[PDB]
Amino acid sequence: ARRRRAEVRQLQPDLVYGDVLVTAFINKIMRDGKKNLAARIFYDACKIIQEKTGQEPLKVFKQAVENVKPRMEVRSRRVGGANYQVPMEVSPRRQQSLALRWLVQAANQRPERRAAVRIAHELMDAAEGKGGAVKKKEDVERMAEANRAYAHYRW
Amino acid sequence: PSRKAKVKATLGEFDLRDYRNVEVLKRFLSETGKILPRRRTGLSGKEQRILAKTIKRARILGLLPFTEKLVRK
Amino acid sequence: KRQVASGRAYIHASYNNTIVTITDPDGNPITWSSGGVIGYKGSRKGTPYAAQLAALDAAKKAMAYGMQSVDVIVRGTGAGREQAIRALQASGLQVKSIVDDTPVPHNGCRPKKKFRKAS
RNA sequence: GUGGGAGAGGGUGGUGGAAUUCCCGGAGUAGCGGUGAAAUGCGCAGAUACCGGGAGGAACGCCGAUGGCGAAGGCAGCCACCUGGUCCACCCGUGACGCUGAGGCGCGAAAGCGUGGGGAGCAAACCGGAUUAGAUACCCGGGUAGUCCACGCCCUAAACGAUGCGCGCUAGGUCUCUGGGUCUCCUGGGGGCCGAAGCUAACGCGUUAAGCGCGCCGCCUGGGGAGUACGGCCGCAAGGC
Ligand SMILES: [Mg+2]
Ligand SMILES: [Mg+2]
Ligand SMILES: [Mg+2]
Ligand SMILES: [Mg+2]
Ligand SMILES: [Mg+2]
Ligand SMILES: [Mg+2]
Ligand SMILES: [Mg+2]
Ligand SMILES: [Mg+2]
Ligand SMILES: [Mg+2]
Ligand SMILES: [Mg+2]
Ligand SMILES: [Mg+2]
Ligand SMILES: [Mg+2]
Ligand SMILES: [Mg+2]
Ligand SMILES: [Mg+2]
Ligand SMILES: [Mg+2]
Ligand SMILES: [Mg+2]
Ligand SMILES: [Mg+2]
Ligand SMILES: [Mg+2]
Ligand SMILES: [Mg+2]
Ligand SMILES: [Mg+2]
Ligand SMILES: [Mg+2]
Ligand SMILES: [Mg+2]
Ligand SMILES: [Mg+2]
Ligand SMILES: [Mg+2]
């Protein structure tokens, strides 16, 4: 993107919830372009956050993402052969991208054999405030801070 | 920029050679005891050149400072 | 231990580290701090953060002696120096005033090669 | 000659404040310093940072310039004395007394040399730390000669405007320093830039000529060997011509 600032490709709302965030999350799950099995997995996951939670899945989902979002991250920047870990703010766009990506990531590291379980349980522990996804989020924010010293390389 | 005013126009006539006239003299130093440049003293090559020796005289006599502390920052 | 209330905060900025020295009303040091005093060991004592941490360490340590306001006196030109100032401003201690007093010769000793070639 | 003028022009004595270092006192504590990172190093025998006093050497911030002075080298904190050059006005005095200048004599930055003194900071050599393939370097910590004064010597240089000195002649514009005048400008001396004619291989130069001319000196004659060898003169030497 050297010419002009790329377009935030607009996504179509969720058929079942009418949400664009859900689709996004669905897309991160999808692999080899199998949106069906992708969409499926997600929904079964919502149904599981039911048989186990008296709260609406979408409620869970939303809150899960909100917790896995990093507000500070490290980005490299050379300055004399040695490139320092410069801590800077994370834009909402990436803040969201990173969260969803991390959710599906952590979720798939889980032991439960079934896909939707792994995703529901991750979404669940997500809103809870625990789980591998939220972990990465925290290890990251720890990286910043641990580098406040170099904060003066804002840009 | 020096859009302020000229130390010369900001007062009347005076004996530039008078090294004891602390009043008018101190009027030619900066916040710091430094000798103001012509862009600001509004003097002339020749005039400004005498101010120089006058101020320096008063300084040794202990009437004008060689330096001041920058208040603020 | 000897409650001094008001005093002097000296910031000694530089390209290699910052160091603040709180003193009583007439130059005598109550407490001091620096980029080294804190955790930073080398290249970052100069860092502006280090300046902040140090200035704040000076604050606390100085506040214990029951101090609550000082005049700041900055010396030197260095990375993180205004941060020390901002620090002390937020340190709790009331920053009564600020004054740069960095020394400059009227041309005395031949500078080291590192600082020569000037005009 | 008379009357005026500007100047870091030179010599001698004195003197001021800023900073560094060291020492003394106070207060204070764990590092400071240094770097791309670091380390050598310094610090609990108390450093760094901070306040007070003292000692000493060297340099002279702002003013400061496009500035000024000098034949060049070069010259700026302030005061005094001693001394050089120079510009303008008046048109007063002498009456071609002029120009140039082989050799001569004098001056001549830095480094270097001799005797004595001085020595704060800086720093060839050197002692170390780091970098690197190595690092007899560049960076970092130290450090002697020296850098400072006196007296004597050396005489070199990109000692440059890479442009010898003097005189007369050939559009102007604009900025500037210093003087005189009838002073929104005229006239004189100096510093810059642009540009008439003209010059130039070109770049450029152009009333501060590299233009147009006269006078005198110096110097060049393809590159390397070579600023060497030899000889001579000079120097304590290094070396110089
Ligand atoms: Mg792109
Ligand atoms: Mg006559
Ligand atoms: Mg006659
Ligand atoms: Mg002659
Ligand atoms: Mg000589
Ligand atoms: Mg010498
Ligand atoms: Mg000698
Ligand atoms: Mg000697
Ligand atoms: Mg040294
Ligand atoms: Mg070495
Ligand atoms: Mg060295
Ligand atoms: Mg000649
Ligand atoms: Mg002109
Ligand atoms: Mg006039
Ligand atoms: Mg002229
Ligand atoms: Mg003129
Ligand atoms: Mg022509
Ligand atoms: Mg010709
Ligand atoms: Mg051509
Ligand atoms: Mg021209
Ligand atoms: Mg030949
Ligand atoms: Mg031949
Ligand atoms: Mg030779
Ligand atoms: Mg001989």
# chains A, B, ... in the order shown; residues from 1 in each chain; ligands from 1
$ residues_near_ligand --ligand "ligand 20" --cutoff "9 Å" --atoms "only C-alpha atoms (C1' of nucleotides) and all ligand atoms" --output "ChimeraX atom specification"
/D:193-195,204-206
$ write_last_selection --atoms "C-alpha atoms (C1' of nucleotides)" --output "PDB file, in the first residue's frame"
ATOM      1  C1'   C D 193      27.474  40.876  -4.948  1.00  0.00           C
ATOM      2  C1'   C D 194      25.334  41.491 -10.041  1.00  0.00           C
ATOM      3  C1'   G D 195      26.568  43.212 -14.539  1.00  0.00           C
ATOM      4  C1'   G D 204      34.786  32.784 -15.038  1.00  0.00           C
ATOM      5  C1'   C D 205      36.912  38.021 -14.685  1.00  0.00           C
ATOM      6  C1'   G D 206      34.476  42.710 -15.300  1.00  0.00           C
TER       7        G D 206
END
$ residues_around --residues "residue C:21" --least-positions-apart "2" --cutoff "8 Å" --atoms "only C-alpha atoms (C1' of nucleotides)" --output "ChimeraX atom specification"
/C:8-11,19,23,29-33,58 /D:49-50
$ residues_around --residues "residue C:112" --least-positions-apart "3" --cutoff "8 Å" --atoms "only C-alpha atoms (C1' of nucleotides)" --output "list in words"
residues 115 and 116 of chain C; 122 of chain D
$ select_by_dssp --residues "stretch 6-113 of chain C" --states "helix (DSSP H, G or I)" --output "VMD selection string"
chain C and resid 48 to 64 82 to 90 113
$ closest_residue --among "A:79, A:115, A:146, A:90" --to "chain D" --atoms "only C-alpha atoms (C1' of nucleotides)"
A:79
$ interface_residues --of "chain B" --to "chain D" --cutoff "12 Å" --atoms "only C-alpha atoms (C1' of nucleotides)" --output "MDAnalysis selection string"
chainID B and resid 28:39 41 43:62 64:68
$ select_by_dssp --residues "stretch 4-138 of chain A" --states "strand (DSSP E or B)" --output "PyMOL selection string"
chain A and resi 72-75+78+83+86-89
$ write_last_selection --atoms "N, CA and C atoms" --output "PDB file, in the first residue's frame"
ATOM      1  N   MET A  72      -1.643  -1.990  23.975  1.00  0.00           N
ATOM      2  CA  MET A  72      -0.262  -1.553  23.809  1.00  0.00           C
ATOM      3  C   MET A  72       0.534  -2.744  23.288  1.00  0.00           C
ATOM      4  N   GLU A  73       1.444  -2.499  22.351  1.00  0.00           N
ATOM      5  CA  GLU A  73       2.252  -3.579  21.802  1.00  0.00           C
ATOM      6  C   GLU A  73       3.617  -3.057  21.396  1.00  0.00           C
ATOM      7  N   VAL A  74       4.551  -3.982  21.224  1.00  0.00           N
ATOM      8  CA  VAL A  74       5.908  -3.650  20.831  1.00  0.00           C
ATOM      9  C   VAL A  74       6.076  -3.795  19.329  1.00  0.00           C
ATOM     10  N   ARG A  75       6.811  -2.857  18.744  1.00  0.00           N
ATOM     11  CA  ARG A  75       7.107  -2.842  17.317  1.00  0.00           C
ATOM     12  C   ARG A  75       8.579  -2.440  17.217  1.00  0.00           C
ATOM     13  N   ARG A  78      15.032  -0.003  14.093  1.00  0.00           N
ATOM     14  CA  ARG A  78      16.488   0.129  14.134  1.00  0.00           C
ATOM     15  C   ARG A  78      16.974   1.550  14.393  1.00  0.00           C
ATOM     16  N   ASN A  83      18.136  -2.776  17.057  1.00  0.00           N
ATOM     17  CA  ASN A  83      16.728  -2.409  16.928  1.00  0.00           C
ATOM     18  C   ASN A  83      15.976  -2.615  18.248  1.00  0.00           C
ATOM     19  N   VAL A  86       9.996  -0.817  20.498  1.00  0.00           N
ATOM     20  CA  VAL A  86       9.259   0.400  20.825  1.00  0.00           C
ATOM     21  C   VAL A  86       7.807   0.141  21.169  1.00  0.00           C
ATOM     22  N   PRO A  87       7.399   0.516  22.377  1.00  0.00           N
ATOM     23  CA  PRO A  87       6.009   0.279  22.739  1.00  0.00           C
ATOM     24  C   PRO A  87       5.102   1.390  22.249  1.00  0.00           C
ATOM     25  N   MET A  88       4.023   1.026  21.561  1.00  0.00           N
ATOM     26  CA  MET A  88       3.067   2.029  21.112  1.00  0.00           C
ATOM     27  C   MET A  88       1.617   1.551  21.142  1.00  0.00           C
ATOM     28  N   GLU A  89       0.689   2.496  21.010  1.00  0.00           N
ATOM     29  CA  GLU A  89      -0.726   2.175  21.043  1.00  0.00           C
ATOM     30  C   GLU A  89      -1.120   1.249  19.914  1.00  0.00           C
TER      31      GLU A  89
END
$ residues_near_ligand --ligand "ligand 2" --cutoff "7 Å" --atoms "only C-alpha atoms (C1' of nucleotides) and all ligand atoms" --output "PyMOL selection string"
chain D and resi 91-93
$ write_last_selection --atoms "C-alpha atoms (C1' of nucleotides)" --output "PDB file, in the first residue's frame"
ATOM      1  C1'   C D  91      43.533  74.055  -0.385  1.00  0.00           C
ATOM      2  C1'   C D  92      48.560  76.503   2.738  1.00  0.00           C
ATOM      3  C1'   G D  93      54.292  74.884   1.877  1.00  0.00           C
TER       4        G D  93
END
$ residues_near_ligand --ligand "ligand 9" --cutoff "12 Å" --atoms "only C-alpha atoms (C1' of nucleotides) and all ligand atoms" --output "PyMOL selection string"
(chain C and resi 110-114) or (chain D and resi 121-123+140-144)
$ residues_near_ligand --ligand "ligand 24" --cutoff "10 Å" --atoms "only C-alpha atoms (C1' of nucleotides) and all ligand atoms" --output "list in words"
residues 233, 234 and 235 of chain D
$ residues_near_ligand --ligand "ligand 22" --cutoff "12 Å" --atoms "only C-alpha atoms (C1' of nucleotides) and all ligand atoms" --output "ChimeraX atom specification"
/D:222-225
